[PDB]
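Structure first, commentary second.
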Amino acid sequence: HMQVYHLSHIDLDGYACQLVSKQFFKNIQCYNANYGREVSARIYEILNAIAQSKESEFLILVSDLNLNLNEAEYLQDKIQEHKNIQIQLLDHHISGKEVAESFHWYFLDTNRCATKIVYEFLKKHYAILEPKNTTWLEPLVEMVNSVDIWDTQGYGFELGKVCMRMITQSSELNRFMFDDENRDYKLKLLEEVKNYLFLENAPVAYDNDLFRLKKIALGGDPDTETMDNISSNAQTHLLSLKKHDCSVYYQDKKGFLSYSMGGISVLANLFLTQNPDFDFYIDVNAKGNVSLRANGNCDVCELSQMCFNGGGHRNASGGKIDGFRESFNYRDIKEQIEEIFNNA
Ligand SMILES: [Cl-]
Ligand SMILES: [Cl-]
């Protein structure tokens with residue numbers, strides 16, 4: 001029983017790598033990163049999880065990301081401190097040329113998308129869990145390859161463009177707050193393309209079916225619910241399980257703190273209705289800007305001018321945290337709110 005830790009990028013190529021890897025590994029935890037700070041955070045998370053595991057065989061798999069020399073050095077050095085740990089990086093970005101030729105585990109091929117590199121590496125070394133799936137999995141891989149390298153003649157090119165936009169626009173589950181549910185959703189949507197690959201007009205057929213499919217994958221009923229209520233309902237349900245970690249206290253009022261969620265009017269109104277014990281909702285983004293909402297039980301205009309140099313209305317307001325310190329660790333973000341609220 002070998003434990004796989006799979007870190008990948010966030011676009012179609014990045015998530016398709018993880019569709020592929022889940023076809024091979026019964027014991028796998030996935031991670032995603034966009035830019036460099038997030039990549040380092042995920043590498044720390046992965047090494048931390050491996051240090052705390054009780055298993056003995058491990059594979060660190062990194063796809064569709066390039067590391068700078070310092071992060072590649074850190075990875076190599078860290079796994080030789082105080083367990084059998086294999087590492088394989090698969091990528092196609094020419095920016096990593098120098099780093100690739102300094103590490104035997106760092107593999108660069110600029111002529112293929114990362115998903116195809118992952119597939120051929122895993123297929124050479126591991127049995128696919130369900131050998132019937134190959135008849136749709138290899139076409140799906142090739143489709144991703146064709147659009148990623150923009151081969152207008154390659155198999156599945158036009159359908160792949162639909163899938164690329166699908167991945168970009170399936171943002172109904174905030175990635176920071178709901179990392180696993182965000183990945184499951186996108187991967188469910190991408191896998192459903194297997195029911196279109198062999199249609200005569202696959203690109204258009206999938207393109208026109210996707211919206212209804214998204215509503216269903218989010219747990220909604222597309223015949224009686226709008227997308228904006230399906231998305232906010234799916235998110236609030238996931239937020240309701242986080243009440244103890246995300247609770248913050250301003251004077252005598254209790255609030256719920258989220259991060260990077262953006263436009264929160266529908267979301268917060270629904271959360272506060274379903275959870276009447278909360279007085280306000282507060283979301284912060286990476287630049288320190290703050291959105292506050294209430295349902296009559298907390299003047300968030302007064303709150304944000306006491307705490308965030310801001311203003312608005314009794315039930316909706318904004319502001320900013322000067323010197324706010326971005327992070328991919330939710331506790332780090334919460335401590336910053338707590339410190340502000342503590343003197344309030
Ligand atoms: Cl969280
Ligand atoms: Cl809870």
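Identifiers in the structure tokens: chain A, B, ... in order shown; residue index from 1 per chain; ligand index from 1 in order shown.
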
Wanna dump the chain A-ligand 1 contacts at 10 Å for me, each residue with its shortest atom pair and the distance in Å to one decimal, counting only C-alpha atoms and all ligand atoms, ordered by chain and number, as JSON lines?
{"residue": "A:176", "atom": "CA", "partner": "ligand 1", "partner_atom_place_in_ligand_line": "1 (Cl)", "distance": 7.3}
{"residue": "A:177", "atom": "CA", "partner": "ligand 1", "partner_atom_place_in_ligand_line": "1 (Cl)", "distance": 4.8}
{"residue": "A:178", "atom": "CA", "partner": "ligand 1", "partner_atom_place_in_ligand_line": "1 (Cl)", "distance": 7.1}
{"residue": "A:179", "atom": "CA", "partner": "ligand 1", "partner_atom_place_in_ligand_line": "1 (Cl)", "distance": 8.8}
{"residue": "A:238", "atom": "CA", "partner": "ligand 1", "partner_atom_place_in_ligand_line": "1 (Cl)", "distance": 9.5}
{"residue": "A:239", "atom": "CA", "partner": "ligand 1", "partner_atom_place_in_ligand_line": "1 (Cl)", "distance": 8.1}
{"residue": "A:241", "atom": "CA", "partner": "ligand 1", "partner_atom_place_in_ligand_line": "1 (Cl)", "distance": 9.6}
{"residue": "A:242", "atom": "CA", "partner": "ligand 1", "partner_atom_place_in_ligand_line": "1 (Cl)", "distance": 6.7}
{"residue": "A:243", "atom": "CA", "partner": "ligand 1", "partner_atom_place_in_ligand_line": "1 (Cl)", "distance": 9.6}
{"residue": "A:245", "atom": "CA", "partner": "ligand 1", "partner_atom_place_in_ligand_line": "1 (Cl)", "distance": 7.2}
{"residue": "A:246", "atom": "CA", "partner": "ligand 1", "partner_atom_place_in_ligand_line": "1 (Cl)", "distance": 7.0}
{"residue": "A:257", "atom": "CA", "partner": "ligand 1", "partner_atom_place_in_ligand_line": "1 (Cl)", "distance": 9.1}
{"residue": "A:258", "atom": "CA", "partner": "ligand 1", "partner_atom_place_in_ligand_line": "1 (Cl)", "distance": 7.3}
{"residue": "A:259", "atom": "CA", "partner": "ligand 1", "partner_atom_place_in_ligand_line": "1 (Cl)", "distance": 8.1}
{"residue": "A:329", "atom": "CA", "partner": "ligand 1", "partner_atom_place_in_ligand_line": "1 (Cl)", "distance": 8.7}
{"residue": "A:330", "atom": "CA", "partner": "ligand 1", "partner_atom_place_in_ligand_line": "1 (Cl)", "distance": 6.0}
{"residue": "A:331", "atom": "CA", "partner": "ligand 1", "partner_atom_place_in_ligand_line": "1 (Cl)", "distance": 8.4}
{"residue": "A:334", "atom": "CA", "partner": "ligand 1", "partner_atom_place_in_ligand_line": "1 (Cl)", "distance": 9.9}

**Message:** List the spatial neighbours of residue 225 of chain A as a PyMOL selection string - criterion: any atom at most 9 Å away, only C-alpha atoms, same-chain residues fewer than 5 positions off excluded.
**Reply:** chain A and resi 215+220+230

Quick one: write out the picked residues with N, CA, C and O atoms as a tab-separated table (two decimals), in the first residue's frame?
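Result file follows (result_23.tsv):
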chain	number	residue	atom	x	y	z
A	215	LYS	N	-25.10	22.33	-12.98
A	215	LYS	CA	-26.14	22.48	-11.96
A	215	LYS	C	-26.37	21.16	-11.23
A	215	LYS	O	-26.57	21.14	-10.01
A	220	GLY	N	-27.79	20.60	-7.34
A	220	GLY	CA	-29.03	21.32	-7.53
A	220	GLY	C	-29.98	20.61	-8.47
A	220	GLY	O	-29.64	19.60	-9.09
A	230	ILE	N	-28.07	27.65	-6.67
A	230	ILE	CA	-27.45	26.33	-6.54
A	230	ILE	C	-26.03	26.47	-6.02
A	230	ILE	O	-25.61	25.73	-5.13

Restricting to only C-alpha atoms, whichever of A:135, A:247, A:21, A:170 is closest to residue 335 of chain A is A:247

For residue 307 of chain A, work out the shell of residues within 9 Å, counting only C-alpha atoms and skipping chain neighbours fewer than 6 positions away, then give it as a PyMOL selection string. chain A and resi 319-321+340-341+344

Give me the residues within 12 Å of residue 44 of chain A as number ranges by chain, counting only C-alpha atoms and dropping any in the same chain fewer than 2 places off.
A: 5, 7, 31, 37-42, 46-51, 60, 71, 74-75, 78-79, 328-329

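With only C-alpha atoms as the atoms that count, the residue of A:106, A:256, A:25, A:150 with the shortest distance to residue 338 of chain A is A:256.
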
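Atom pair atom CA of residue 183 of chain A / atom CA of residue 32 of chain A: separated by 8.7 Å.
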
| Using only C-alpha atoms, which residues sit within 12 Å of segment 296-302 of chain A once same-chain residues fewer than 4 positions away are excluded, as JSON, numbers by chain? | {"A": [249, 250, 251, 252, 253, 254, 255, 269, 272, 273, 276, 277, 278, 279, 280, 281, 282, 290, 291, 292, 306, 307, 308, 309, 310, 311, 312, 313, 314, 315, 316, 317, 318, 319, 344]}

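Atom CA of residue 203 of chain A lies 19.8 Å from atom CA of residue 115 of chain A.
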
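Take the candidates A:168, A:201, A:23, A:145 and check each one against residue 123 of chain A using only C-alpha atoms; the shortest distance goes to A:23.
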
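Going from atom CA of residue 287 of chain A to atom CA of residue 322 of chain A covers 8.9 Å.
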
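If only C-alpha atoms are the atoms counted, then among A:336, A:289, A:208, A:88 the closest residue to residue 8 of chain A is A:88.
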
Tell me which protein, DNA and RNA residues are within 8 Å of residue 190 of chain A, counting only C-alpha atoms, leaving out same-chain ones fewer than 4 positions away, and put them as an mmCIF file with N, CA and C atoms, in the first residue's frame.
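See selection_16.cif below for the written result:
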data_model
loop_
_atom_site.group_PDB
_atom_site.id
_atom_site.type_symbol
_atom_site.label_atom_id
_atom_site.label_comp_id
_atom_site.auth_asym_id
_atom_site.auth_seq_id
_atom_site.Cartn_x
_atom_site.Cartn_y
_atom_site.Cartn_z
ATOM 1 N N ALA A 16 -6.557 17.619 -15.435
ATOM 2 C CA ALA A 16 -6.567 16.341 -16.150
ATOM 3 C C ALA A 16 -5.442 15.406 -15.687
ATOM 4 N N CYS A 163 -13.518 22.102 -23.241
ATOM 5 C CA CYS A 163 -13.119 21.634 -21.918
ATOM 6 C C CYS A 163 -12.210 22.640 -21.222
ATOM 7 N N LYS A 186 -14.776 19.704 -10.649
ATOM 8 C CA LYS A 186 -14.135 19.831 -11.953
ATOM 9 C C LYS A 186 -13.839 18.463 -12.536
#

Could you tell me, as a PyMOL selection string, which residues of segment 84-268 of chain A DSSP assigns to strand (DSSP E) when given the backbone? chain A and resi 84-91+106-108+247-250+253-259

Residues just named, written with C-alpha atoms as a short mmCIF file (atom, residue, chain, number, x, y, z; two decimals), in the first residue's frame:
data_model
loop_
_atom_site.label_atom_id
_atom_site.label_comp_id
_atom_site.auth_asym_id
_atom_site.auth_seq_id
_atom_site.Cartn_x
_atom_site.Cartn_y
_atom_site.Cartn_z
CA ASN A 84 10.94 5.25 1.23
CA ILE A 85 10.00 8.35 -0.76
CA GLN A 86 10.09 8.42 -4.56
CA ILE A 87 9.67 11.70 -6.40
CA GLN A 88 8.79 12.32 -10.04
CA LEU A 89 8.19 15.74 -11.61
CA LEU A 90 6.59 15.81 -15.08
CA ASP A 91 6.30 19.08 -16.98
CA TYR A 106 12.79 16.49 -12.80
CA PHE A 107 11.54 15.53 -16.27
CA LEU A 108 10.86 18.11 -19.01
CA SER A 247 -15.93 31.87 13.98
CA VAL A 248 -14.76 35.36 14.90
CA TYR A 249 -16.01 37.69 17.63
CA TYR A 250 -16.54 41.46 17.41
CA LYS A 253 -21.51 39.77 18.00
CA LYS A 254 -20.42 36.50 16.37
CA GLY A 255 -19.29 36.41 12.76
CA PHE A 256 -18.13 33.84 10.22
CA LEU A 257 -14.88 34.55 8.35
CA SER A 258 -14.20 33.23 4.86
CA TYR A 259 -11.32 34.01 2.47
#
